[PDB]
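A.B. asks: Next comes data-v4.cif, mmCIF, C-alpha atoms and all ligand atoms:
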data_input
loop_
_atom_site.group_PDB
_atom_site.id
_atom_site.type_symbol
_atom_site.label_atom_id
_atom_site.label_comp_id
_atom_site.auth_asym_id
_atom_site.auth_seq_id
_atom_site.Cartn_x
_atom_site.Cartn_y
_atom_site.Cartn_z
ATOM 1 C CA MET W 1 0.000 0.000 0.000
ATOM 2 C CA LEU W 2 1.559 3.374 -0.925
ATOM 3 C CA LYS W 3 1.966 6.176 1.599
ATOM 4 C CA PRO W 4 -1.142 5.629 3.744
ATOM 5 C CA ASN W 5 -2.038 8.187 6.452
ATOM 6 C CA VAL W 6 -1.099 6.602 9.835
ATOM 7 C CA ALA W 7 -2.582 7.341 13.275
ATOM 8 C CA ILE W 8 -0.968 6.980 16.738
ATOM 9 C CA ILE W 9 -3.393 5.776 19.490
ATOM 10 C CA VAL W 10 -2.275 6.055 23.158
ATOM 11 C CA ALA W 11 -3.607 6.711 26.674
ATOM 12 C CA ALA W 12 -1.566 9.144 28.806
ATOM 13 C CA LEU W 13 -1.666 10.667 32.261
ATOM 14 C CA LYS W 14 -1.533 14.463 32.447
ATOM 15 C CA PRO W 15 0.321 16.669 33.005
ATOM 16 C CA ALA W 16 3.524 14.740 32.237
ATOM 17 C CA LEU W 17 2.142 12.323 29.651
ATOM 18 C CA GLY W 18 3.264 9.229 31.508
ATOM 19 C CA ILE W 19 2.305 5.952 29.786
ATOM 20 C CA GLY W 20 3.993 3.183 31.755
ATOM 21 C CA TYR W 21 5.876 1.651 34.617
ATOM 22 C CA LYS W 22 8.147 -1.379 34.574
ATOM 23 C CA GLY W 23 6.675 -2.575 31.298
ATOM 24 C CA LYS W 24 2.990 -2.140 32.181
ATOM 25 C CA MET W 25 0.223 0.484 32.155
ATOM 26 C CA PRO W 26 -0.150 2.034 35.617
ATOM 27 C CA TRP W 27 -3.972 1.836 35.466
ATOM 28 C CA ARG W 28 -6.765 -0.490 34.352
ATOM 29 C CA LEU W 29 -9.519 1.526 32.665
ATOM 30 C CA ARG W 30 -12.036 -0.987 31.344
ATOM 31 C CA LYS W 31 -14.031 1.441 29.217
ATOM 32 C CA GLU W 32 -10.831 2.822 27.646
ATOM 33 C CA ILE W 33 -9.758 -0.675 26.570
ATOM 34 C CA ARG W 34 -13.186 -1.176 24.947
ATOM 35 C CA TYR W 35 -12.748 2.145 23.026
ATOM 36 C CA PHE W 36 -9.291 1.011 21.826
ATOM 37 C CA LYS W 37 -10.715 -2.306 20.521
ATOM 38 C CA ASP W 38 -13.638 -0.624 18.690
ATOM 39 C CA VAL W 39 -11.622 2.195 17.066
ATOM 40 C CA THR W 40 -8.875 -0.187 15.977
ATOM 41 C CA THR W 41 -11.251 -2.831 14.582
ATOM 42 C CA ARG W 42 -14.102 -1.028 12.825
ATOM 43 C CA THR W 43 -14.007 -0.349 9.085
ATOM 44 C CA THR W 44 -16.437 1.308 6.653
ATOM 45 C CA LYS W 45 -15.425 -0.361 3.371
ATOM 46 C CA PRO W 46 -16.303 -3.974 2.594
ATOM 47 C CA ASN W 47 -13.506 -6.509 2.364
ATOM 48 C CA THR W 48 -11.090 -4.448 4.422
ATOM 49 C CA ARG W 49 -9.524 -4.505 7.853
ATOM 50 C CA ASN W 50 -7.278 -2.161 9.811
ATOM 51 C CA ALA W 51 -3.620 -2.760 10.715
ATOM 52 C CA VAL W 52 -2.049 -2.258 14.111
ATOM 53 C CA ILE W 53 1.763 -1.704 14.447
ATOM 54 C CA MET W 54 3.685 -2.311 17.643
ATOM 55 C CA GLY W 55 7.296 -2.733 18.796
ATOM 56 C CA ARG W 56 8.688 -6.183 19.603
ATOM 57 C CA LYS W 57 8.625 -5.588 23.355
ATOM 58 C CA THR W 58 4.878 -4.815 23.346
ATOM 59 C CA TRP W 59 4.101 -7.867 21.171
ATOM 60 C CA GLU W 60 6.067 -9.917 23.672
ATOM 61 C CA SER W 61 4.040 -8.498 26.549
ATOM 62 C CA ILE W 62 0.792 -9.971 25.239
ATOM 63 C CA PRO W 63 0.244 -13.491 26.650
ATOM 64 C CA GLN W 64 0.986 -15.869 23.760
ATOM 65 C CA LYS W 65 -2.571 -17.205 23.754
ATOM 66 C CA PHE W 66 -3.952 -13.679 23.203
ATOM 67 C CA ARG W 67 -1.864 -12.746 20.168
ATOM 68 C CA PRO W 68 -2.326 -11.803 17.476
ATOM 69 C CA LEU W 69 -4.932 -9.155 18.358
ATOM 70 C CA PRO W 70 -8.051 -10.460 16.621
ATOM 71 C CA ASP W 71 -9.722 -8.944 13.550
ATOM 72 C CA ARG W 72 -6.798 -6.638 12.714
ATOM 73 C CA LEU W 73 -3.600 -7.175 10.691
ATOM 74 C CA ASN W 74 -0.781 -7.120 13.293
ATOM 75 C CA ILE W 75 2.602 -5.694 12.307
ATOM 76 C CA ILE W 76 5.548 -6.178 14.621
ATOM 77 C CA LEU W 77 8.728 -4.066 14.163
ATOM 78 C CA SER W 78 12.208 -5.063 15.381
ATOM 79 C CA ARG W 79 15.556 -3.847 13.942
ATOM 80 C CA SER W 80 16.482 -7.556 13.824
ATOM 81 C CA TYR W 81 13.610 -8.631 11.557
ATOM 82 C CA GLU W 82 13.473 -9.394 7.854
ATOM 83 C CA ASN W 83 10.427 -8.000 5.983
ATOM 84 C CA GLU W 84 8.233 -11.132 5.993
ATOM 85 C CA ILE W 85 4.592 -12.212 5.935
ATOM 86 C CA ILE W 86 4.206 -14.823 8.711
ATOM 87 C CA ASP W 87 0.496 -15.548 8.083
ATOM 88 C CA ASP W 88 -2.571 -13.550 6.992
ATOM 89 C CA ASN W 89 -2.604 -11.808 10.409
ATOM 90 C CA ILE W 90 1.066 -11.229 11.218
ATOM 91 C CA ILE W 91 3.813 -9.283 9.435
ATOM 92 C CA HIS W 92 7.431 -8.816 10.592
ATOM 93 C CA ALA W 93 9.349 -5.731 9.418
ATOM 94 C CA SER W 94 12.307 -3.507 10.367
ATOM 95 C CA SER W 95 10.557 -0.325 9.281
ATOM 96 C CA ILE W 96 7.056 1.147 9.137
ATOM 97 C CA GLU W 97 7.279 1.947 5.454
ATOM 98 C CA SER W 98 8.699 -1.429 4.498
ATOM 99 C CA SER W 99 5.862 -3.113 6.444
ATOM 100 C CA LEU W 100 3.211 -1.137 4.463
ATOM 101 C CA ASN W 101 4.567 -2.350 1.133
ATOM 102 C CA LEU W 102 3.381 -5.848 2.074
ATOM 103 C CA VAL W 103 -0.216 -4.815 2.747
ATOM 104 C CA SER W 104 -3.321 -4.637 0.605
ATOM 105 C CA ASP W 105 -7.001 -4.195 1.487
ATOM 106 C CA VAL W 106 -6.233 -2.203 4.647
ATOM 107 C CA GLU W 107 -8.467 0.733 5.561
ATOM 108 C CA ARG W 108 -6.663 2.504 8.439
ATOM 109 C CA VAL W 109 -3.253 2.013 10.044
ATOM 110 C CA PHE W 110 -2.671 2.559 13.751
ATOM 111 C CA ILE W 111 0.597 2.586 15.816
ATOM 112 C CA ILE W 112 -0.250 1.088 19.188
ATOM 113 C CA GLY W 113 3.003 1.412 21.167
ATOM 114 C CA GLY W 114 5.145 1.132 23.009
ATOM 115 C CA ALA W 115 7.182 4.128 24.121
ATOM 116 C CA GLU W 116 10.225 3.677 21.886
ATOM 117 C CA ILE W 117 7.963 3.225 18.840
ATOM 118 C CA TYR W 118 5.854 6.256 19.765
ATOM 119 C CA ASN W 119 8.797 8.574 20.494
ATOM 120 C CA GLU W 120 10.525 7.653 17.242
ATOM 121 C CA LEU W 121 7.487 7.465 14.880
ATOM 122 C CA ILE W 122 5.966 10.758 15.967
ATOM 123 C CA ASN W 123 8.536 12.443 13.666
ATOM 124 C CA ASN W 124 7.621 10.318 10.606
ATOM 125 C CA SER W 125 5.560 12.375 8.114
ATOM 126 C CA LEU W 126 3.318 9.320 7.395
ATOM 127 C CA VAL W 127 1.756 10.049 10.849
ATOM 128 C CA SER W 128 -1.150 12.413 10.311
ATOM 129 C CA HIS W 129 -3.431 11.920 13.335
ATOM 130 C CA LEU W 130 -3.020 11.379 17.075
ATOM 131 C CA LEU W 131 -5.817 9.823 19.176
ATOM 132 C CA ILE W 132 -4.814 10.589 22.723
ATOM 133 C CA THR W 133 -6.916 9.574 25.697
ATOM 134 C CA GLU W 134 -6.052 12.313 28.213
ATOM 135 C CA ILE W 135 -6.178 10.916 31.754
ATOM 136 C CA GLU W 136 -6.512 13.069 34.884
ATOM 137 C CA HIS W 137 -6.070 12.105 38.577
ATOM 138 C CA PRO W 138 -6.216 14.145 41.798
ATOM 139 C CA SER W 139 -2.606 13.279 42.746
ATOM 140 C CA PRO W 140 -0.756 12.330 39.570
ATOM 141 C CA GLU W 141 2.533 12.333 41.463
ATOM 142 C CA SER W 142 1.415 9.398 43.611
ATOM 143 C CA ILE W 143 1.288 7.210 40.497
ATOM 144 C CA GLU W 144 4.685 5.640 39.844
ATOM 145 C CA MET W 145 5.753 5.978 36.207
ATOM 146 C CA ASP W 146 9.064 5.532 34.392
ATOM 147 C CA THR W 147 7.976 6.078 30.753
ATOM 148 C CA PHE W 148 6.650 9.170 29.012
ATOM 149 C CA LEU W 149 5.666 10.588 25.669
ATOM 150 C CA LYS W 150 8.094 13.077 24.164
ATOM 151 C CA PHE W 151 5.721 14.549 21.607
ATOM 152 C CA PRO W 152 6.183 17.972 19.998
ATOM 153 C CA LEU W 153 2.628 19.136 20.604
ATOM 154 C CA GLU W 154 3.333 22.734 19.651
ATOM 155 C CA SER W 155 3.261 21.490 16.044
ATOM 156 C CA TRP W 156 -0.130 19.765 16.426
ATOM 157 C CA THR W 157 -3.681 21.050 16.820
ATOM 158 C CA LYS W 158 -6.276 19.512 19.139
ATOM 159 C CA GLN W 159 -9.546 19.287 17.116
ATOM 160 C CA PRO W 160 -13.121 19.824 18.407
ATOM 161 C CA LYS W 161 -15.063 16.709 19.490
ATOM 162 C CA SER W 162 -17.089 16.968 16.233
ATOM 163 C CA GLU W 163 -13.949 16.038 14.269
ATOM 164 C CA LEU W 164 -13.206 13.151 16.550
ATOM 165 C CA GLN W 165 -16.763 11.898 16.195
ATOM 166 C CA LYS W 166 -16.420 11.972 12.408
ATOM 167 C CA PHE W 167 -13.119 10.082 12.692
ATOM 168 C CA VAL W 168 -14.567 7.216 14.758
ATOM 169 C CA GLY W 169 -17.922 7.022 12.921
ATOM 170 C CA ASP W 170 -20.448 5.062 15.013
ATOM 171 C CA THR W 171 -18.358 4.584 18.197
ATOM 172 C CA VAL W 172 -20.040 6.192 21.231
ATOM 173 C CA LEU W 173 -17.976 8.920 22.821
ATOM 174 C CA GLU W 174 -18.858 9.644 26.460
ATOM 175 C CA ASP W 175 -17.394 12.689 28.210
ATOM 176 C CA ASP W 176 -15.440 12.757 31.461
ATOM 177 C CA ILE W 177 -15.427 9.000 32.036
ATOM 178 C CA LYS W 178 -14.593 8.175 35.661
ATOM 179 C CA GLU W 179 -13.074 4.910 36.816
ATOM 180 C CA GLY W 180 -11.870 4.915 40.433
ATOM 181 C CA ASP W 181 -9.929 8.168 40.844
ATOM 182 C CA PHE W 182 -9.177 8.572 37.126
ATOM 183 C CA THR W 183 -11.182 10.870 34.846
ATOM 184 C CA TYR W 184 -10.607 10.694 31.054
ATOM 185 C CA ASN W 185 -11.555 12.050 27.663
ATOM 186 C CA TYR W 186 -10.739 11.032 24.078
ATOM 187 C CA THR W 187 -9.092 13.674 21.836
ATOM 188 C CA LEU W 188 -7.957 13.898 18.145
ATOM 189 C CA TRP W 189 -4.934 16.016 17.047
ATOM 190 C CA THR W 190 -3.770 16.857 13.470
ATOM 191 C CA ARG W 191 -0.591 18.575 12.246
ATOM 192 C CA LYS W 192 -0.467 22.355 11.929
HETATM 193 N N1 LIG P 1 -0.259 4.048 27.734
HETATM 194 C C1 LIG P 1 -0.488 3.399 26.514
HETATM 195 O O1 LIG P 1 -1.428 3.679 25.861
HETATM 196 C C2 LIG P 1 0.559 2.328 26.066
HETATM 197 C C3 LIG P 1 1.667 2.183 26.840
HETATM 198 N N2 LIG P 1 2.658 1.241 26.482
HETATM 199 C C4 LIG P 1 3.798 1.172 27.428
HETATM 200 O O2 LIG P 1 5.051 1.321 26.790
HETATM 201 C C5 LIG P 1 6.062 0.542 27.493
HETATM 202 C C6 LIG P 1 6.794 -0.389 26.545
HETATM 203 O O3 LIG P 1 7.567 0.418 25.636
HETATM 204 P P1 LIG P 1 9.007 -0.084 25.097
HETATM 205 O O4 LIG P 1 9.650 -0.858 26.186
HETATM 206 O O5 LIG P 1 9.755 1.122 24.679
HETATM 207 O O6 LIG P 1 8.656 -1.108 23.970
HETATM 208 P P2 LIG P 1 8.195 -1.095 22.419
HETATM 209 O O7 LIG P 1 6.898 -1.810 22.392
HETATM 210 O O8 LIG P 1 8.265 0.275 22.095
HETATM 211 O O9 LIG P 1 9.331 -2.003 21.796
HETATM 212 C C7 LIG P 1 10.638 -1.377 21.517
HETATM 213 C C8 LIG P 1 11.325 -2.320 20.588
HETATM 214 O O10 LIG P 1 10.710 -2.107 19.251
HETATM 215 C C9 LIG P 1 11.719 -2.137 18.288
HETATM 216 N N3 LIG P 1 11.813 -0.855 17.682
HETATM 217 C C10 LIG P 1 11.759 0.333 18.376
HETATM 218 N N4 LIG P 1 11.837 1.378 17.560
HETATM 219 C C11 LIG P 1 12.008 0.796 16.333
HETATM 220 C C12 LIG P 1 12.148 1.432 15.081
HETATM 221 N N5 LIG P 1 12.182 2.767 15.009
HETATM 222 N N6 LIG P 1 12.303 0.615 14.020
HETATM 223 C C13 LIG P 1 12.260 -0.742 14.205
HETATM 224 N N7 LIG P 1 12.131 -1.429 15.299
HETATM 225 C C14 LIG P 1 11.960 -0.563 16.372
HETATM 226 C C15 LIG P 1 13.001 -2.612 18.882
HETATM 227 O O11 LIG P 1 12.985 -4.041 18.619
HETATM 228 P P3 LIG P 1 14.471 -4.789 18.718
HETATM 229 O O12 LIG P 1 14.964 -4.352 19.998
HETATM 230 O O13 LIG P 1 14.049 -6.208 18.553
HETATM 231 O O14 LIG P 1 15.132 -4.063 17.559
HETATM 232 C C16 LIG P 1 12.862 -2.102 20.351
HETATM 233 O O15 LIG P 1 13.564 -2.848 21.367
HETATM 234 C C17 LIG P 1 5.350 -0.139 28.670
HETATM 235 O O16 LIG P 1 5.462 0.610 29.876
HETATM 236 C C18 LIG P 1 3.900 -0.172 28.124
HETATM 237 O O17 LIG P 1 2.974 -0.286 29.210
HETATM 238 C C19 LIG P 1 2.502 0.455 25.343
HETATM 239 C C20 LIG P 1 1.384 0.646 24.628
HETATM 240 C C21 LIG P 1 0.343 1.565 24.864
HETATM 241 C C1 LIG P 2 0.696 -5.603 26.090
HETATM 242 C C2 LIG P 2 -0.036 -4.458 25.367
HETATM 243 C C3 LIG P 2 -0.012 -3.170 25.888
HETATM 244 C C4 LIG P 2 -0.638 -2.099 25.243
HETATM 245 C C5 LIG P 2 -1.338 -2.343 24.064
HETATM 246 S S1 LIG P 2 -2.054 -1.013 23.202
HETATM 247 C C6 LIG P 2 -3.346 -0.420 24.259
HETATM 248 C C7 LIG P 2 -3.842 -1.352 25.173
HETATM 249 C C8 LIG P 2 -4.899 -1.010 26.014
HETATM 250 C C9 LIG P 2 -5.499 0.230 25.922
HETATM 251 C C10 LIG P 2 -4.981 1.165 25.011
HETATM 252 N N1 LIG P 2 -5.607 2.445 24.911
HETATM 253 C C11 LIG P 2 -5.153 3.359 23.951
HETATM 254 N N2 LIG P 2 -5.784 4.486 23.897
HETATM 255 N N3 LIG P 2 -4.068 3.075 23.185
HETATM 256 C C12 LIG P 2 -3.485 1.966 23.238
HETATM 257 N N4 LIG P 2 -2.461 1.907 22.359
HETATM 258 C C13 LIG P 2 -3.883 0.864 24.173
HETATM 259 C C14 LIG P 2 -1.340 -3.619 23.501
HETATM 260 C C15 LIG P 2 -0.682 -4.668 24.154
#
Is it possible to give me this structure as structure tokens?

C.D. replies:
Amino acid sequence: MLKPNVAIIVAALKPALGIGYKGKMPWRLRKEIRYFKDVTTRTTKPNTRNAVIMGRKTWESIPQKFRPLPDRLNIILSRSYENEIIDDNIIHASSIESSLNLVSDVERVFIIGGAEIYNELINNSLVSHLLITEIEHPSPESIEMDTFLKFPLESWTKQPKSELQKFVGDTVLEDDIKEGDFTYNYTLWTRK
């Protein structure tokens, strides 16, 4: 597939934009996971699917029985991999662009993590949209975190919820979702 628009999808804790701790997410937000699954899976065209791209360490973090993520083409990057189609659901590649050359009948492409992937791919011009779930907590400093987004947000524009709605189509978008002490909202950002 030639030069598709790519989107990054991540959940981060404000104000620092922390996303992890010792290889895991520092929260369990059940509704947020459901939103991730829906946005990443749904398509509008007929015989198409979406593709999700992740770094080797994230792939490895999914229990073997639960990979590949169902109903989406999974792409796994590692600097040690050859560009290769494993099966109809799994591709190995050493670069985002090389992976995309092996795909057909894909509607949208999403980068799902982790931190190294995010922090490196944010500067790739193929990335056109960011879906950030912005998480808030009364005492963000009490949450232990070792991993953060280093995104140049001064070069991006947060769109109105109308644009996000249009992006996700049918998916229901609630406002100020609360789970335990966390409060969160979904946002869409595009480049200036
Ligand atoms: N909050 C959220 O929404 C999410 C958070 N996360 C969090 O992120 C953390 C994991 O991140 P991290 O450890 O950095 O792991 P990644 O999933 O980012 O894996 C990094 C690995 O990917 C490969 N890789 C990295 N960059 C490139 C590149 N530019 N080209 C090709 N291959 C590349 C390398 O494979 P090799 O070394 O084999 O070359 C590298 O070791 C955890 O804390 C996790 O919870 C993950 C997803 C979502
Ligand atoms: C192990 C593993 C860790 C993270 C992921 S990606 C992911 C998982 C759960 C919720 C997620 N929410 C958003 N908004 N973005 C992601 N990229 C998510 C996939 C596998």

A.B. asks: So which residues are near ligand LIG 2 (chain P), meaning at most 8 Å away with only C-alpha atoms and all ligand atoms counted, given back as number ranges by chain?

C.D. replies: W: 8-12, 24-25, 29, 32-37, 54, 58-63, 111-114, 131-133

A.B. asks: Could you check the closest approach to residue 140 in chain W for each of W:181, W:96, W:22, W:106 and tell me which residue wins, using all atoms listed in the file?

C.D. replies: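 Under the stated criterion, the closest residue is W:181.
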
A.B. asks: Enclose ligand LIG 1 (chain P), meaning all of its atoms listed in the file, in a box aligned along x, y and z, pad it by 4 Å on each side, and list the centre and edge lengths in Å to one decimal, as lines of an AutoDock Vina configuration file.

C.D. replies:
center_x = 6.9
center_y = -1.1
center_z = 21.9
size_x = 24.6
size_y = 18.3
size_z = 23.9

A.B. asks: Can you measure CA of residue 15 in chain W to atom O3 of ligand LIG 1 (chain P) for me? One decimal in Å is fine.

C.D. replies: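 Interatomic distance here is 19.3 Å.
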
A.B. asks: Hey, can you check how far atom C14 of ligand LIG 1 (chain P) sits from CA of residue 159 in chain W?

C.D. replies: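 That distance, rounded to one decimal, is 29.3 Å.
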
A.B. asks: For the file shown, what are the residues hit by the PyMOL selection byres (((chain W and resi 178) around 10) and not hetatm), laid out as a ChimeraX atom specification?

C.D. replies: /W:29,31,135-137,175-177,179-185

A.B. asks: Would you list the contacts of residue 52 in chain W as a list in words, taking every protein, DNA or RNA residue within 10 Å and counting all atoms listed in the file, but skipping same-chain residues closer than 4 positions in sequence?

C.D. replies: residues 6, 7, 8, 9, 40, 41, 69, 72, 73, 74, 75, 76, 90, 108, 109, 110, 111, 112 and 113 of chain W

A.B. asks: Run the PyMOL selection byres (((chain W and resi 17) around 9) and not hetatm) against the file shown and list the residues it catches, as an mmCIF file with C-alpha atoms, in the frame of the given file.

C.D. replies:
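selection_7.cif, written as the output of this step:
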data_model
loop_
_atom_site.group_PDB
_atom_site.id
_atom_site.type_symbol
_atom_site.label_atom_id
_atom_site.label_comp_id
_atom_site.auth_asym_id
_atom_site.auth_seq_id
_atom_site.Cartn_x
_atom_site.Cartn_y
_atom_site.Cartn_z
ATOM 1 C CA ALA W 11 -3.607 6.711 26.674
ATOM 2 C CA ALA W 12 -1.566 9.144 28.806
ATOM 3 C CA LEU W 13 -1.666 10.667 32.261
ATOM 4 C CA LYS W 14 -1.533 14.463 32.447
ATOM 5 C CA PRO W 15 0.321 16.669 33.005
ATOM 6 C CA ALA W 16 3.524 14.740 32.237
ATOM 7 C CA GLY W 18 3.264 9.229 31.508
ATOM 8 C CA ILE W 19 2.305 5.952 29.786
ATOM 9 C CA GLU W 134 -6.052 12.313 28.213
ATOM 10 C CA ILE W 135 -6.178 10.916 31.754
ATOM 11 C CA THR W 147 7.976 6.078 30.753
ATOM 12 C CA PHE W 148 6.650 9.170 29.012
ATOM 13 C CA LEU W 149 5.666 10.588 25.669
ATOM 14 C CA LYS W 150 8.094 13.077 24.164
#

A.B. asks: Which residue out of W:165, W:99, W:94, W:89 has the minimum interatomic distance to ligand LIG 1 (chain P) when all atoms listed in the file are used?

C.D. replies: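 Result for the nearest residue to ligand LIG 1 (chain P): W:94.
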
A.B. asks: Given the choices W:93, W:115, W:153, W:103, which gets closest to ligand LIG 1 (chain P) if the distance is worked out from all atoms listed in the file?

C.D. replies: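 Ranked by minimum distance to ligand LIG 1 (chain P), first place goes to W:115.
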
A.B. asks: Closest to ligand LIG 1 (chain P) among W:66, W:186, W:118, W:151, using all atoms listed in the file?

C.D. replies: W:118

A.B. asks: Which is closest to residue 38 in chain W among W:188, W:53, W:173, W:127, if we use only C-alpha atoms?

C.D. replies: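 Smallest separation from residue 38 in chain W among the options: W:173.
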
A.B. asks: With distances taken over all atoms listed in the file, which of W:146, W:107, W:87, W:170 is nearest to ligand LIG 1 (chain P)?

C.D. replies: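 Of the candidates, the smallest distance to ligand LIG 1 (chain P) is held by W:146.
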
A.B. asks: Contacts of residue 128 in chain W at 10 Å or less, counting only C-alpha atoms, minus same-chain residues fewer than 6 places along, as JSON, numbers by chain?

C.D. replies: {"W": [4, 5, 6, 7, 8, 122, 156, 189, 190, 191]}

A.B. asks: For the selection just defined, write its residues with C-alpha atoms to a file, as an mmCIF file, in the coordinates of the input.

C.D. replies:
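Saved result, selection-v3.cif, follows:
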data_model
loop_
_atom_site.group_PDB
_atom_site.id
_atom_site.type_symbol
_atom_site.label_atom_id
_atom_site.label_comp_id
_atom_site.auth_asym_id
_atom_site.auth_seq_id
_atom_site.Cartn_x
_atom_site.Cartn_y
_atom_site.Cartn_z
ATOM 1 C CA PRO W 4 -1.142 5.629 3.744
ATOM 2 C CA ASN W 5 -2.038 8.187 6.452
ATOM 3 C CA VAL W 6 -1.099 6.602 9.835
ATOM 4 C CA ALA W 7 -2.582 7.341 13.275
ATOM 5 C CA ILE W 8 -0.968 6.980 16.738
ATOM 6 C CA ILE W 122 5.966 10.758 15.967
ATOM 7 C CA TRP W 156 -0.130 19.765 16.426
ATOM 8 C CA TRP W 189 -4.934 16.016 17.047
ATOM 9 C CA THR W 190 -3.770 16.857 13.470
ATOM 10 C CA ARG W 191 -0.591 18.575 12.246
#

A.B. asks: So how many Å separate CA of residue 158 in chain W and CA of residue 43 in chain W, to one decimal?

C.D. replies: 23.6 Å

A.B. asks: Model the absent atoms of range 98-109 of chain W so that N, CA and C atoms are present, and write the result as a PDB file, in the frame of the given file.

C.D. replies:
ATOM      1  N   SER W  98       8.478  -0.122   5.083  1.00  0.00           N
ATOM      2  CA  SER W  98       8.699  -1.429   4.498  1.00  0.00           C
ATOM      3  C   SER W  98       7.505  -2.351   4.845  1.00  0.00           C
ATOM      4  N   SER W  99       7.015  -2.225   6.105  1.00  0.00           N
ATOM      5  CA  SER W  99       5.862  -3.113   6.444  1.00  0.00           C
ATOM      6  C   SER W  99       4.643  -2.836   5.537  1.00  0.00           C
ATOM      7  N   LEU W 100       4.382  -1.578   5.255  1.00  0.00           N
ATOM      8  CA  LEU W 100       3.211  -1.137   4.463  1.00  0.00           C
ATOM      9  C   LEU W 100       3.227  -1.581   3.037  1.00  0.00           C
ATOM     10  N   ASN W 101       4.423  -1.887   2.531  1.00  0.00           N
ATOM     11  CA  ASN W 101       4.567  -2.350   1.133  1.00  0.00           C
ATOM     12  C   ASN W 101       4.008  -3.753   0.984  1.00  0.00           C
ATOM     13  N   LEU W 102       3.876  -4.463   2.084  1.00  0.00           N
ATOM     14  CA  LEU W 102       3.381  -5.848   2.074  1.00  0.00           C
ATOM     15  C   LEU W 102       1.869  -5.943   2.283  1.00  0.00           C
ATOM     16  N   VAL W 103       1.231  -4.809   2.491  1.00  0.00           N
ATOM     17  CA  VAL W 103      -0.216  -4.815   2.747  1.00  0.00           C
ATOM     18  C   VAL W 103      -1.059  -4.356   1.575  1.00  0.00           C
ATOM     19  N   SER W 104      -2.239  -4.964   1.539  1.00  0.00           N
ATOM     20  CA  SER W 104      -3.321  -4.637   0.605  1.00  0.00           C
ATOM     21  C   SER W 104      -4.639  -4.805   1.384  1.00  0.00           C
ATOM     22  N   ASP W 105      -5.647  -4.125   0.913  1.00  0.00           N
ATOM     23  CA  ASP W 105      -7.001  -4.195   1.487  1.00  0.00           C
ATOM     24  C   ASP W 105      -7.010  -3.794   2.961  1.00  0.00           C
ATOM     25  N   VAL W 106      -6.259  -2.723   3.225  1.00  0.00           N
ATOM     26  CA  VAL W 106      -6.233  -2.203   4.647  1.00  0.00           C
ATOM     27  C   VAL W 106      -6.919  -0.835   4.570  1.00  0.00           C
ATOM     28  N   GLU W 107      -7.796  -0.581   5.516  1.00  0.00           N
ATOM     29  CA  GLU W 107      -8.467   0.733   5.561  1.00  0.00           C
ATOM     30  C   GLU W 107      -7.651   1.741   6.347  1.00  0.00           C
ATOM     31  N   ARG W 108      -7.485   1.558   7.648  1.00  0.00           N
ATOM     32  CA  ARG W 108      -6.663   2.504   8.439  1.00  0.00           C
ATOM     33  C   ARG W 108      -5.493   1.759   9.114  1.00  0.00           C
ATOM     34  N   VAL W 109      -4.463   2.532   9.396  1.00  0.00           N
ATOM     35  CA  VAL W 109      -3.253   2.013  10.044  1.00  0.00           C
ATOM     36  C   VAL W 109      -3.069   2.712  11.370  1.00  0.00           C
TER      37      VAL W 109
END
